[PDB]
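Asks: This structure is in structure tokens; I'll ask about it shortly.
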Amino acid sequence: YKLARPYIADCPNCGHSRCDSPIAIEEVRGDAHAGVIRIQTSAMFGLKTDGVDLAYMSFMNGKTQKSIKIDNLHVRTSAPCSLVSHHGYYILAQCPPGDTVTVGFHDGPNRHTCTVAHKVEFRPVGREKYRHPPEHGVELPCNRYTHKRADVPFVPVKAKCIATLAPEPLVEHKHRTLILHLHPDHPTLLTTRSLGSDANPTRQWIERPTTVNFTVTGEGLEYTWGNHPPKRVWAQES
Amino acid sequence: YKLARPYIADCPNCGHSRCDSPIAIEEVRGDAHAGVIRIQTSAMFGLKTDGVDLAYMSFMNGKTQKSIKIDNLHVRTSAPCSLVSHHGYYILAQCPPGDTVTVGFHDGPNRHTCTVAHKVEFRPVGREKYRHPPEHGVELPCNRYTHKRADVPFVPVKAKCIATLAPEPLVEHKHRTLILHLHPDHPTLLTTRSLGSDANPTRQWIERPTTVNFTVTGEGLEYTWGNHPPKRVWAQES
Amino acid sequence: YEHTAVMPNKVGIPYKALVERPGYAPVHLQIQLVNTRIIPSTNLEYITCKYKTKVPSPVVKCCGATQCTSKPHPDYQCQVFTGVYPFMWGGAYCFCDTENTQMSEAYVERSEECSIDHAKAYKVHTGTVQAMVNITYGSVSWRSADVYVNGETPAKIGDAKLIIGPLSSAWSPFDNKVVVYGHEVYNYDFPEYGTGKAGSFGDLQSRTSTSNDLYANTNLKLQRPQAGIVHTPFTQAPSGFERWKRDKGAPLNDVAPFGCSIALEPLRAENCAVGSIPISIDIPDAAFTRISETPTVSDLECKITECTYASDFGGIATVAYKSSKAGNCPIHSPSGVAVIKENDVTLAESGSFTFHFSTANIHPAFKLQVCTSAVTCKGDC
Amino acid sequence: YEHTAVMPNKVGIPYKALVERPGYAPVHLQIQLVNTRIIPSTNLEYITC
């Protein structure tokens with residue numbers, strides 16, 4: 001169970017003559033290649049007066065610590081963000097980078113927003129760096145967060161998260177030689193090796209219909225064709 | 001002194017198809033490397049019917065010297081913005097990026113708001129221009145303008161803006177020869193010449209850990225690392 | 001006694017020298033040239049800075065031709081376009097049809113603000129060279145005298161009568177036409193004011209940029225506006241000043257020969273280490289550290305105990321000696337690739353004095369002199 | 001001043017040496033191995049008891 005409740009706070013960056021704001025954020029983790037972001041907020045969703053719900057928030061909105069259902073306390077990156085789960089002290093929403101999380105009041109003609117900057121390091125750790133999750137294609141290494149509560153925080157995880165792609169290479173096996181007729185509509189990191197004993201350590205980024213011939217040992221080869229983790233082919237002769 | 005009367009002017013986009021606004025920005029000076037803006041408005045700020053004030057402006061809209069408070073007519077980016085000084089026909093304000101300034105009345109259904117996309121200009125002041133204020137480094141002289149009026153346009157001035165710094169040219173001394181391992185975190189101009197009998201006429205833009213070796217005669221050399229004016233070392237193992 | 005020595009222009013590094021006078025051992029002389037300023041006379045040709053294009057409303061004459069009248073605006077350009085607008089409705093309103101004639105006029109001025117982002121074009125005629133010559137004579141005290149490198153004004157100062165015979169090289173920050181921004185100084189030619197260059201430096205010219213009554217050329221080309229609007233549209237060549245500021249591949253600032261901080265005073269070469277400086281120092285006989293008075297130097301040896309290779313003053317060495325009469329003898333090296341830190345050494349009967357030196361050699365071989373007596377110091381680091 | 005020497009693990013003869021430096025008289029060096037602990041990192045395979 002959470003040990004803290006929302007409060008009015010001086011924002012790190014808010015509009016001048018409005019910096020005396022309600023609704024604020026503490027820390028955010030966005031180190032994930034996941035589209036979801038784990039928030040430690042002080043403008044908390046997943047806290048009503050009763051604690052943890054999945055579609056309710058609480059805030060001190062220049063008022064007092066009290067709750068209503070999601071309406072006036074909005075997460076944003078700078079554009080809307082749709083929450084996924086609320087877990088008391090920690091909130092989970094998708095606001096992909098997690099370096100800018102904005103809690104803002106979007107009523108009346110005025111646009112009030114407090115935005116909090118965070119100390120996230122989002123780096124490669126996969127086999128390639130890639131686009132945030134869409135719905136389409138095969139995943140790639142990420143460091144997602146849990147998408148349900150346990151009531152205090154959401155836990156850190158490493159898994160694999162969705163990535164866009166285009167039709168996979170037309171492979172042709174022939175005498176000790178494998179041509180990959182490629183049709184990326186999207187930048188793919190192409191990594192190769194033979195899987196026999198031939199090294200072929202070949203990275204290249206490809207896009208557009210092109211061909212890339214590779215040697216084979218005749219004992220398979222891996223070509224990883226971006227937005228997939230290693231794909232491998234084998235045969236008596238490849 | 002200021003004495004150039006308030007006026008109305010057409011601003012490209014207000015309301016939906018509204019454009020008949022006062023308070024409309026005509027010209028902007030962005031000489032500052034900081035997020036401050038010098039604004040030229042049709043409406044005169046810093047003058048009410050009482051003459052010169054510090055927190056009142058005047059405008060026409062059917063009037064000729066009618067005034068309101070600088071909070072009634074409120075500057076904004078996508079959140080309120082508070083002006084700092086008025087120099088009549090010119091406003092000078094702090095508005096979070098200083099690259100988008102919207103002066104608007106969000107009073108009633110007719111919502112006139114003028115926005116002009118303002119700018120930050122970086123120009124040589126050392127031997128190179130420099131980036132916007134960050135956490136890193138310390139303030140240096142920048143191009144700017146006066147941030148208080150004379151009791152009509154604000155005048156240019158050199159003021160101080162936080163420079164992005166990163167490790168300065170890490171000199172490695174050797175037998176009358178200096179290799180300069182420099183480690184920017186930001187685009188820095190490296191200018192050199194020797195201050196020994198020789199000279200090292202080299203402008204180069206650098207980013208990130210690199211080396212640039214220079215000859216010396218045992219009689220010093222200059223490396224300017226842009227945003228500063230010349231820095232000099234003289235006959236160490238230089 | 002007037003004593004003429006020549007100090008290599010080592011900025012910040014004091015040059016040890018000996019004052020020889022007949023039958024009198026040397027006088028501590030350390031000369032540091034603190035600053036050399038080549039300052040030439042500047043006739044300002046023009047200001048140039050970030051322009052702002054100003055479009056005034058165009059003169060449309062209903063039912064007749066519009067003639068252009070020249071206006072004193074800096075890159076004032078007009079073009080007369082006839083039959084632009086039909087009678088009434090879109091475009092100009094007029095009774096007459098294609099008798100509507102527009103003068104499409106526009107011009108450039110200097111921006112609202114320009115005094116921090118401007119260059120200055122100077123014709124430069126021949127200058128004076130000043131030298132700040134710090135001459136120490138007798139014992140450590142670091143006296144210094146501004147003295148003209150020219151013949152015009154020799155220092156008749158009390159800190160020795162100093163004549164600075166012209167520096168062997170005194171860097172010229174000028175040719176004839178120099179542009180100074182002072183963040184990038186260029187010897188850069190331009191046509192004299194009233195005639196500029198279009199879309200190259202001198203894009204704006206003035207001689208005090210204030211907006212209007214300036215002379216510009218920038219290759220302003222008015223375009224003809226398609227009917228339904230009355231305004232003056234234009235294309236123009238890129239700003240020559242902005243192009244010029246970025247023309248830093250190594251400005252005049254970075255090509256300075258022995259290194260000089262080419263600077264906007266209006267155009268001068270600051271802090272030059274250029275050349276070697278003839279120094280006439282009047283060291284009175286009263287300030288001698290002569291052998292024929294209390295100094296007597298005999299049996300001199302140099303031992304280097306330790307050294308940092310070719311360093312600022314990382315050399316530590318000791319000169320052991322015999323004196324018949326104890327005194328104070330000037331420690332020195334006549335080198336310009338090596339200097340002794342101190343310029344005095346307490347010569348004594350059987351003393352040892354550890355002196356700090358600089359050399360430009362890994363194995364430091366500098367000629368060390370106390371008084372009139374010389375030794376060579378070597379390696380042993 | 002760095003002087004690099006190698007001392008025999010002998011307490012019979014503790015290994016005496018002189019440190020020369022130019023323009024100086026040498027330095028006392030007597031080196032005695034008082035104790036030796038040869039300590040390797042151990043990964044346990046199994047217990048028997």
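Labeling convention for the structure tokens: chains A, B, ... as they appear, residues from 1 per chain, ligands from 1 in order of appearance.
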Counting only C-alpha atoms, what is within 7 Å of segment 103-114 of chain C, bar same-chain residues fewer than 6 positions away, as a VMD selection string?

Replies: (chain B and resid 155 to 156) or (chain C and resid 49 to 56 58 to 60 66 68 73 to 81 209 to 212 222 232)

Asks: Grab the Cα RMSD for chain A fitted onto chain B, all atoms paired in sequence order, one decimal please.

Replies: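 It comes to 3.6 Å after superposition.
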
Asks: Could you tell me how far atom CA of residue 226 of chain A sits from atom CA of residue 213 of chain A, in Å to one decimal place?

Replies: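 Result for atom CA of residue 213 of chain A versus atom CA of residue 226 of chain A: 16.8 Å, one decimal.
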
Asks: Residues of chain C near chain D: apply a cut-off of 12 Å, count only C-alpha atoms, and supply the list as a ChimeraX atom specification.

Replies: /C:301-307,316-320,354,378-381

Asks: Nearest to chain C: which of B:127, B:181, B:160, B:106 is it, counting only C-alpha atoms?

Replies: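 Closest candidate: B:127.
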
Asks: Provide as a PyMOL selection string the residues of chain A at most 12 Å from chain B, counting only C-alpha atoms.

Replies: chain A and resi 12-21+78-79+104-106+108-115

Asks: Keeping N, CA, C and O atoms, export the residues of the selection given above as an mmCIF file, in the first residue's frame.

Replies:
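Written out: result.cif:
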```cif
data_model
loop_
_atom_site.group_PDB
_atom_site.id
_atom_site.type_symbol
_atom_site.label_atom_id
_atom_site.label_comp_id
_atom_site.auth_asym_id
_atom_site.auth_seq_id
_atom_site.Cartn_x
_atom_site.Cartn_y
_atom_site.Cartn_z
ATOM 1 N N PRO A 12 8.919 21.811 -12.367
ATOM 2 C CA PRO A 12 10.246 22.086 -12.894
ATOM 3 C C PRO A 12 10.120 23.026 -14.065
ATOM 4 O O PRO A 12 10.859 24.009 -14.106
ATOM 5 N N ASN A 13 9.123 22.795 -14.952
ATOM 6 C CA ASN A 13 8.831 23.731 -15.999
ATOM 7 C C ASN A 13 7.339 23.719 -16.148
ATOM 8 O O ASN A 13 6.733 22.704 -16.479
ATOM 9 N N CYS A 14 6.741 24.912 -15.995
ATOM 10 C CA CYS A 14 5.341 25.172 -16.168
ATOM 11 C C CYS A 14 5.371 26.555 -16.745
ATOM 12 O O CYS A 14 6.398 27.232 -16.677
ATOM 13 N N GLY A 15 4.222 27.046 -17.267
ATOM 14 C CA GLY A 15 4.106 28.384 -17.791
ATOM 15 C C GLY A 15 4.344 29.383 -16.693
ATOM 16 O O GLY A 15 3.877 29.188 -15.573
ATOM 17 N N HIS A 16 5.108 30.463 -16.994
ATOM 18 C CA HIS A 16 5.418 31.543 -16.082
ATOM 19 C C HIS A 16 4.136 32.231 -15.666
ATOM 20 O O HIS A 16 3.233 32.390 -16.483
ATOM 21 N N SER A 17 4.008 32.498 -14.341
ATOM 22 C CA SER A 17 2.836 32.959 -13.621
ATOM 23 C C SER A 17 1.776 31.885 -13.616
ATOM 24 O O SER A 17 0.598 32.131 -13.872
ATOM 25 N N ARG A 18 2.219 30.639 -13.322
ATOM 26 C CA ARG A 18 1.367 29.482 -13.197
ATOM 27 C C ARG A 18 2.248 28.384 -12.642
ATOM 28 O O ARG A 18 1.803 27.247 -12.513
ATOM 29 N N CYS A 19 3.537 28.685 -12.329
ATOM 30 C CA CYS A 19 4.515 27.733 -11.831
ATOM 31 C C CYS A 19 4.216 27.255 -10.436
ATOM 32 O O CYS A 19 4.668 26.181 -10.040
ATOM 33 N N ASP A 20 3.386 28.026 -9.698
ATOM 34 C CA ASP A 20 2.782 27.691 -8.429
ATOM 35 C C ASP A 20 1.636 26.722 -8.656
ATOM 36 O O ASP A 20 0.474 27.042 -8.409
ATOM 37 N N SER A 21 1.937 25.513 -9.188
ATOM 38 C CA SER A 21 0.939 24.702 -9.833
ATOM 39 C C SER A 21 0.508 23.614 -8.878
ATOM 40 O O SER A 21 1.173 23.332 -7.880
ATOM 41 N N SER A 78 3.087 15.434 -24.423
ATOM 42 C CA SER A 78 2.786 16.795 -24.795
ATOM 43 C C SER A 78 1.501 16.683 -25.600
ATOM 44 O O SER A 78 0.854 17.679 -25.920
ATOM 45 N N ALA A 79 1.072 15.423 -25.840
ATOM 46 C CA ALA A 79 -0.086 14.996 -26.575
ATOM 47 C C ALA A 79 -0.713 14.049 -25.581
ATOM 48 O O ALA A 79 -0.070 13.775 -24.573
ATOM 49 N N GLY A 104 -1.431 17.595 -16.442
ATOM 50 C CA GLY A 104 -1.980 18.843 -16.884
ATOM 51 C C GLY A 104 -3.449 18.768 -16.766
ATOM 52 O O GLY A 104 -4.023 17.680 -16.734
ATOM 53 N N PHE A 105 -4.068 19.965 -16.657
ATOM 54 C CA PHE A 105 -5.481 20.114 -16.448
ATOM 55 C C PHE A 105 -5.921 20.675 -17.771
ATOM 56 O O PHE A 105 -5.343 21.641 -18.266
ATOM 57 N N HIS A 106 -6.895 19.999 -18.418
ATOM 58 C CA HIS A 106 -7.358 20.353 -19.734
ATOM 59 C C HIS A 106 -8.813 20.680 -19.726
ATOM 60 O O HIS A 106 -9.588 20.076 -20.465
ATOM 61 N N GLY A 108 -11.503 24.268 -19.740
ATOM 62 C CA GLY A 108 -11.645 25.651 -20.144
ATOM 63 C C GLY A 108 -10.720 26.045 -21.273
ATOM 64 O O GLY A 108 -9.953 25.210 -21.745
ATOM 65 N N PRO A 109 -10.695 27.314 -21.703
ATOM 66 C CA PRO A 109 -10.066 27.701 -22.961
ATOM 67 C C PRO A 109 -8.567 27.643 -22.816
ATOM 68 O O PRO A 109 -7.882 27.335 -23.789
ATOM 69 N N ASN A 110 -8.074 27.974 -21.599
ATOM 70 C CA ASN A 110 -6.700 27.883 -21.169
ATOM 71 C C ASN A 110 -6.217 26.457 -21.177
ATOM 72 O O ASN A 110 -6.993 25.511 -21.048
ATOM 73 N N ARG A 111 -4.884 26.304 -21.301
ATOM 74 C CA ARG A 111 -4.209 25.043 -21.395
ATOM 75 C C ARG A 111 -3.228 25.063 -20.275
ATOM 76 O O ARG A 111 -2.181 25.694 -20.385
ATOM 77 N N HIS A 112 -3.544 24.382 -19.148
ATOM 78 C CA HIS A 112 -2.624 24.349 -18.042
ATOM 79 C C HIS A 112 -1.929 23.023 -18.099
ATOM 80 O O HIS A 112 -2.547 21.989 -18.348
ATOM 81 N N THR A 113 -0.597 23.053 -17.890
ATOM 82 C CA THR A 113 0.241 21.886 -17.928
ATOM 83 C C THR A 113 1.396 22.145 -17.007
ATOM 84 O O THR A 113 2.061 23.172 -17.127
ATOM 85 N N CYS A 114 1.703 21.170 -16.124
ATOM 86 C CA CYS A 114 2.981 21.090 -15.461
ATOM 87 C C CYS A 114 3.654 19.959 -16.197
ATOM 88 O O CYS A 114 3.020 18.956 -16.507
ATOM 89 N N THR A 115 4.970 20.080 -16.476
ATOM 90 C CA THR A 115 5.726 19.019 -17.091
ATOM 91 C C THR A 115 6.937 18.816 -16.232
ATOM 92 O O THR A 115 7.488 19.755 -15.660
#
```

Asks: Would you mind telling me which residue in B:197, B:202, B:65, B:210 lies nearest to residue 336 of chain C when using only C-alpha atoms?

Replies: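 Between B:197, B:202, B:65, B:210, the residue approaching residue 336 of chain C most closely is B:197.
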
Asks: Do you have the atom CA of residue 245 of chain C-atom CA of residue 99 of chain B distance handy?

Replies: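 It comes out at 23.5 Å.
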
Asks: Which of these, B:143, B:224, B:6, B:125, has the shortest distance to residue 61 of chain B once you count only C-alpha atoms?

Replies: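 The closest residue to residue 61 of chain B is B:6.
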
Asks: Might you pull out every residue within 7 Å of residue 36 of chain C, with only C-alpha atoms counted and same-chain residues fewer than 3 positions away left off, and present them as a PyMOL selection string?

Replies: chain C and resi 130-132+270-272

Asks: Extract, using only C-alpha atoms, all DNA, RNA and protein residues at most 7 Å from segment 197-207 of chain C, discarding same-chain residues fewer than 4 positions from it, and format them as a VMD selection string.

Replies: chain C and resid 44 to 49 51 190 193 214 to 219 237 to 241 244

Asks: Can you spit out the residues from that selection as a PDB file, in the first residue's frame, using C-alpha atoms?

Replies:
```pdb
ATOM      1  CA  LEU C  44      35.756  53.039 -41.034  1.00  0.00           C
ATOM      2  CA  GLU C  45      34.299  52.184 -44.418  1.00  0.00           C
ATOM      3  CA  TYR C  46      31.027  50.584 -43.342  1.00  0.00           C
ATOM      4  CA  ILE C  47      28.906  48.622 -40.874  1.00  0.00           C
ATOM      5  CA  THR C  48      27.323  45.385 -42.057  1.00  0.00           C
ATOM      6  CA  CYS C  49      24.993  43.276 -39.992  1.00  0.00           C
ATOM      7  CA  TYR C  51      19.535  42.979 -42.468  1.00  0.00           C
ATOM      8  CA  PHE C 190      35.511  45.362 -50.267  1.00  0.00           C
ATOM      9  CA  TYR C 193      31.107  52.800 -49.236  1.00  0.00           C
ATOM     10  CA  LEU C 214      22.491  53.089 -45.503  1.00  0.00           C
ATOM     11  CA  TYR C 215      23.732  51.658 -48.827  1.00  0.00           C
ATOM     12  CA  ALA C 216      23.155  48.003 -49.664  1.00  0.00           C
ATOM     13  CA  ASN C 217      23.289  45.663 -52.619  1.00  0.00           C
ATOM     14  CA  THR C 218      21.876  42.193 -52.095  1.00  0.00           C
ATOM     15  CA  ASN C 219      20.461  41.314 -55.551  1.00  0.00           C
ATOM     16  CA  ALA C 237      20.394  36.521 -52.798  1.00  0.00           C
ATOM     17  CA  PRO C 238      21.631  35.050 -49.434  1.00  0.00           C
ATOM     18  CA  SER C 239      23.061  37.378 -46.739  1.00  0.00           C
ATOM     19  CA  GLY C 240      26.743  37.980 -47.450  1.00  0.00           C
ATOM     20  CA  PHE C 241      27.560  38.930 -43.845  1.00  0.00           C
ATOM     21  CA  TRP C 244      31.229  35.771 -44.224  1.00  0.00           C
TER      22      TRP C 244
END
```

Asks: In Å, how far is it from atom CA of residue 14 of chain C to atom CA of residue 330 of chain C?

Replies: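 Atom CA of residue 330 of chain C lies at a distance of 13.8 Å from atom CA of residue 14 of chain C.
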
Asks: Would you kindly return, as an MDAnalysis selection string, each protein, DNA or RNA residue with an atom no farther than 8 Å from any atom of segment 119-121 of chain A, considering only C-alpha atoms and excluding same-chain residues fewer than 3 positions away?

Replies: chainID A and resid 27:31 98:99

Asks: Counting only C-alpha atoms, which residues of chain C come no farther than 7 Å from chain B, as a ChimeraX atom specification?

Replies: /C:113-117,183-184,248-250,254-259,273,310-312,337,360,362

Asks: Quick one: write out the picked residues with C-alpha atoms as a compact mmCIF listing (two decimals), in the first residue's frame?

Replies:
```txt
# COMPACT_ATOMS: atom_id res chain seq x y z
CA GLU C 113 19.07 45.69 -33.37
CA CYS C 114 22.63 45.43 -34.67
CA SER C 115 25.63 46.27 -32.48
CA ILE C 116 26.59 42.79 -31.27
CA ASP C 117 26.08 40.91 -34.52
CA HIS C 183 35.12 36.76 -33.23
CA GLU C 184 36.65 36.10 -36.61
CA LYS C 248 36.09 30.61 -40.67
CA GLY C 249 38.43 27.91 -41.94
CA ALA C 250 41.15 29.78 -40.10
CA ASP C 254 44.21 31.91 -36.42
CA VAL C 255 46.85 32.59 -39.09
CA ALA C 256 48.74 35.02 -36.86
CA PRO C 257 52.36 34.06 -37.29
CA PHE C 258 53.78 33.67 -33.80
CA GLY C 259 50.17 33.82 -32.55
CA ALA C 273 54.63 36.88 -29.40
CA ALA C 310 61.29 20.29 -21.75
CA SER C 311 59.03 21.91 -19.18
CA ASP C 312 57.74 25.31 -18.06
CA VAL C 337 64.26 28.08 -25.92
CA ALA C 360 62.83 22.96 -24.70
CA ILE C 362 64.19 16.42 -23.15
```

Asks: Do you know which residues are at most 8 Å from segment 27-39 of chain D counting only C-alpha atoms, after dropping those on the same chain fewer than 5 positions away, and could you put them as a count of residues only?

Replies: 12

Asks: Can you list, as a list in words, every protein, DNA or RNA residue that comes within 8 Å of residue 214 of chain B when you count only C-alpha atoms, leaving out same-chain residues fewer than 5 positions away?

Replies: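 Counting only the stated atoms, we get residues 177, 178, 179, 180 and 200 of chain B.
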
Asks: Generate a file of the selected residues that holds N, CA, C and O atoms, formatted as a compact mmCIF listing (two decimals), in the first residue's frame.

Replies:
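Below is the file part.txt, written as the result:
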```
# COMPACT_ATOMS: atom_id res chain seq x y z
N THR B 177 55.21 19.33 -28.03
CA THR B 177 54.23 18.86 -28.96
C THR B 177 53.05 18.71 -28.06
O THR B 177 53.21 18.27 -26.92
N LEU B 178 51.84 19.16 -28.49
CA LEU B 178 50.66 19.01 -27.69
C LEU B 178 49.59 18.41 -28.53
O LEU B 178 49.07 19.04 -29.45
N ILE B 179 49.22 17.16 -28.18
CA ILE B 179 48.02 16.55 -28.67
C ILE B 179 46.96 16.96 -27.70
O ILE B 179 47.19 17.06 -26.49
N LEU B 180 45.80 17.37 -28.27
CA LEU B 180 44.70 17.88 -27.51
C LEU B 180 43.61 16.89 -27.75
O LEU B 180 42.96 16.87 -28.80
N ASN B 200 49.17 27.24 -36.09
CA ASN B 200 48.41 26.02 -36.24
C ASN B 200 47.07 26.47 -36.79
O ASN B 200 46.09 26.19 -36.12
```
